[PDB]
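J.: So the number in the deposited numbering is just where the residue sits in the sequence shown, counting from 1, plus 12.
For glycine and all other residues, C-beta sits at the position ideal for the given N, C-alpha and C.
This is the structure I want to talk about, given as structure tokens.
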Amino acid sequence: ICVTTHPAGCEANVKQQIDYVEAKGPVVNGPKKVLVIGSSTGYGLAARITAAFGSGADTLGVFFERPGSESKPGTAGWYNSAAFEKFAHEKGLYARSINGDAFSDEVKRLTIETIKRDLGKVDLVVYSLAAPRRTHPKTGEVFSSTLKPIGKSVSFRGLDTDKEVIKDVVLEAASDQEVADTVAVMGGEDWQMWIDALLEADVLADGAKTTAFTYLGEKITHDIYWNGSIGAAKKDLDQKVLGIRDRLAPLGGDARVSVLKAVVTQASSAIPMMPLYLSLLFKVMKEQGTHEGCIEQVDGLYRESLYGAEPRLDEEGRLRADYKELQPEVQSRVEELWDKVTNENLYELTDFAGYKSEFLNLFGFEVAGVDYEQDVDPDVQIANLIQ
Ligand SMILES: NC(=O)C1=CN([C@@H]2O[C@H](COP(=O)(O)OP(=O)(O)OC[C@H]3O[C@@H](n4cnc5c(N)ncnc54)[C@H](O)[C@@H]3O)[C@@H](O)[C@H]2O)C=CC1
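Below is the structure:
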């Protein structure tokens, strides 16, 4: 499926996230100069909005988005970032962006150069890259990530989102090479490179923090995710953060892996089993009153753990914001309903309507307060953007 991009709806999407953060009040003792790698959509965009509008932080964002021209709309992340900087410049904040491949050495060189000239040093480094592939910045070798289980193939009842049909599917296992590629793409090496390079150039302030986002889920998803190929990459993140945290010790800084809840993004809608899992989870958590989106998760992570008094930790040293999803009352009902979902009860036993709505929100469609019978103007420019 292709969904075009609605510029006006994307801006209203950014404004609504800004409104949520501002209503919750300032982030006490928060960061003032934040670098967000992957700052145009999803959790990274939420992190940039929480920093700028919760803490009054200057933000430098790195993303990879297609710009807009006459009669050809760019990607949603382009209009998201364009709207973010427009709102941020209003409040008096510094907001600049870099459009390029964050895995490359040149973007790191440009980011360091921009920080020196524009900010000096940064308070916090948010690492939220979601890429299906990575080109190694030293051997040009391209790695492509895979979402398969390890060991045994898995059967389950999926959901054809186009035909709106429950399908019997089978996911084959992953070879040792597919897992190695997935670790190269989604592991911690590039995050490790980022902090190293930022340390040599001395653009990390005293007590600087860095965090990378991850997902653990519960038992229903462990075969595909956590104990699959993608989980081996996130498992590599937990090994890398121990090294990162050490290099930040002479500064008095910290490095943490932050676990967030499952959310409809462009990167998770592709994962197997996710459309049906999200449709069920949305219904169970809505009737329970714990349904949360991107901005609620990251705003809470800033306030309670990243810069709070009593951080929500686990026994591995990770900051946690996903606890409501993993609760037995939520998980056990999702597991019970999964089998009883057929083509006829789709909208009655699941929140497939909510999943579809939130998926179209990513592109600027079905956003409250937007007039969708007006001509779309796709030529939106971003002042002082660096390519
Ligand atoms: N989406 C979810 O349900 C969950 C996501 N997470 C994690 O949070 C992180 C963020 O993912 P999402 O927000 O879901 O994805 P997303 O697709 O919404 O965000 C990806 C971001 O990274 C940027 N990006 C991608 N490839 C790039 C490249 N080569 N160079 C520069 N920028 C690049 C994109 O421009 C975008 O800003 C991921 O590590 C994901 O595993 C955490 C928990 C669950």
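In whole angstroms, give me the CA-to-CA distance for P85 and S93.
T.: For the purposes of this step, residue 85 is identified with residue 73 of the sequence shown, where counting begins at 1. For the purposes of this step, residue 93 is identified with residue 81 of the sequence shown, where counting begins at 1. The alpha-carbon atoms of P85 and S93 are separated by roughly 14 Å.
J.: Around the C-beta of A64, are 16 or more other C-beta atoms found within 10 angstroms, so that it is buried, or is it exposed?
T.: Start at 1 with the first residue of the sequence shown, and residue 64 comes out as number 52. Under this definition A64 is a buried residue.
J.: Tell me, to the nearest whole angstrom, how far the beta carbon of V269 is from that of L288; I am working on the premise that it is less than 8 Å.
T.: Locating residue 269 in the sequence shown gives position 257, where the first residue counts as 1. Locating residue 288 in the sequence shown gives position 276, where the first residue counts as 1. With 8 Å as the limit, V269 and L288 do not qualify as a contact, their Cβ atoms being about 27 Å apart.
J.: In whole angstroms, what separates the C-alpha of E23 from that of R108?
T.: Position 11 of the sequence shown, counted from the first residue, corresponds to residue 23. Position 96 of the sequence shown, counted from the first residue, corresponds to residue 108. C-alpha separation (whole angstroms): 17 Å.
J.: What three-state label does DSSP hand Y335 in the structure shown?
T.: Reading the sequence shown from its first residue, position 323 is the one you call residue 335. In this structure, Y335 counts as coil in the three-state DSSP scheme.
J.: For the beta strand (DSSP E) that contains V134, what are its first and last residues?
T.: What you label residue 134 is simply residue 122 of the sequence shown in a count that begins at 1. Per DSSP, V134 belongs to the beta strand (DSSP E) from 134 to 139.
J.: Say yes only if the C-beta of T277 is nearer than 7 Å to one or more non-hydrogen atoms of ligand 1, and no if none qualify.
T.: The sequence position of residue 277 within the sequence shown is 265, counting from 1. Answer for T277: yes, Cβ within range of ligand 1.
J.: Is any heavy atom in ligand 1 found nearer than 7 Å to the beta carbon of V74?
T.: The count along the sequence shown starts at 1 and reaches residue 74 at position 62. Answer for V74: yes, Cβ within range of ligand 1.
J.: Examine ligand 1 and report whether any of its heavy atoms sits within less than 7 Å of the Cβ of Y237.
T.: Position 225 of the sequence shown, counted from the start, is the residue given in the question as residue 237. No, the beta carbon of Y237 sits no closer than 7 Å to any heavy atom of ligand 1.
J.: Counting only runs that start and end within the segment 69 to 127, where is the alpha helix (DSSP H) found for 4 or more residues in a row?
T.: Counting whole runs of 4 or more residues, the segment 69 to 127 contains the alpha helix (DSSP H) stretches 88 to 102.
J.: Could you check where the alpha helix (DSSP H) with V310 kicks off and where it finishes?
T.: As a position in the sequence shown, residue 310 is number 298, starting the count at 1. Unbroken alpha helix (DSSP H) run through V310: 306 to 313.
J.: With a 10 Å radius around its C-beta and 16 neighbouring C-beta atoms as the bar for buried, classify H18 as buried or exposed.
T.: Counted from its first residue, the sequence shown places residue 18 at position 6. Buried: at least 16 other Cβ atoms inside 10 Å.
J.: Report buried or exposed for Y55, applying the criterion of at least 16 other Cβ atoms within 10 angstroms of its Cβ.
T.: Counting from 1 along the sequence shown, the entry for residue 55 is found at position 43. The residue is buried, with at least 16 neighbouring Cβ atoms inside 10 Å.
J.: Taking DSSP as the reference, what is the three-state secondary structure of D266?
T.: Looking up residue 266 in the sequence shown gives position 254. Correct three-state label for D266: strand.
J.: Just to check my reading of the structure: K221 and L318 have Cβ atoms closer than 8 Å, yes? What is that Cβ distance to the nearest angstrom?
T.: If you number the sequence shown from 1, residue 221 lands on position 209. If you number the sequence shown from 1, residue 318 lands on position 306. The Cβ separation is near 7 Å, so the contact holds.
J.: Bridge partners of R345, per DSSP?
T.: Start at 1 with the first residue of the sequence shown, and residue 345 comes out as number 333. The partner list for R345 (beta bridge, DSSP) is empty, contrary to what the question assumes.
J.: Enumerated in chain order, which unbroken segments of the alpha helix (DSSP H) with a length of 4 residues or greater are wholly contained in the segment 165 to 211?
T.: Segments of the alpha helix (DSSP H) lying fully in the segment 165 to 211: 188 to 198.
J.: Please name the residue in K45, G104, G50 whose C-alpha comes closest to that of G132.
T.: Working through the sequence shown from its first residue, we reach residue 132 at position 120. Cα-wise, what sits closest to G132 is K45.
J.: Under the criterion of a Cβ to heavy atom distance below 7 Å, does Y55 qualify as lining ligand 1?
T.: Taking the sequence shown and counting its residues from 1, the one referred to as residue 55 is at position 43. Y55 Cβ: within cutoff of ligand 1.
J.: Taking 7 Å as the cut-off, is the CB of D113 close to at least one heavy atom of ligand 1?
T.: As a working note, residue 113 is residue 101 in the sequence shown. Flag set: Cβ of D113 near ligand 1.
J.: Quick one: what's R330 bridged to in DSSP?
T.: On the sequence shown, residue 330 is found 318 positions in, with the first residue counted as 1. DSSP output for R330 lists no bridge partner at all.
J.: Starting from the N-terminal side, write out each stretch of the beta strand (DSSP E) that is 3 residues or longer and does not extend beyond the segment 37 to 65.
T.: Counting only runs of 3 or more, we get 45 to 49.
J.: Starting from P161, follow its DSSP beta bridges and name the residues at the other end.
T.: By one-based count along the sequence shown, residue 161 stands at place 149. Looking at the DSSP assignment, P161 forms a beta bridge with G240.
J.: Going by the CB atoms, is the gap between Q278 and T53 shorter than 8 Å?
T.: For the purposes of this step, residue 53 is taken as residue 41 along the sequence shown, with counting starting at 1. For the purposes of this step, residue 278 is taken as residue 266 along the sequence shown, with counting starting at 1. Yes, Cβ-Cβ distance for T53 and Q278 is below 8 Å.
J.: Do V346 and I232 have their beta-carbon atoms positioned less than 8 Å apart in this structure?
T.: On the sequence shown, position 220 is the one that residue 232 refers to. On the sequence shown, position 334 is the one that residue 346 refers to. Against a cut-off of 8 Å, the Cβ pair of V346 and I232 comes out as a contact.
J.: Shortest alpha-carbon distance to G229 belongs to which of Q339, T62, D117?
T.: Looking up residue 229 in the sequence shown gives position 217. Checking every option, the nearest Cα to that of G229 belongs to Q339.
J.: Check this for me: beta carbons of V119 and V74, under 8 Å apart or not?
T.: Taking the sequence shown and counting its residues from 1, the one referred to as residue 119 is at position 107. Taking the sequence shown and counting its residues from 1, the one referred to as residue 74 is at position 62. Yes, the Cβ-Cβ distance between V119 and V74 is below 8 Å.
J.: Can you tell me whether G264 is buried or exposed? The criterion is at least 16 other CB atoms within 10 Å of its CB, across all chains shown.
T.: Here residue 264 is taken as the residue at index 252 of the sequence shown, counted from 1. Looking at its Cβ environment, which holds fewer than 16 other Cβ atoms inside 10 Å, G264 is exposed.
J.: With a threshold of 7 Å, establish whether the CB of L325 neighbours any heavy atom of ligand 1.
T.: Within the sequence shown, the letter at position 313 stands for residue 325. The answer is no for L325.
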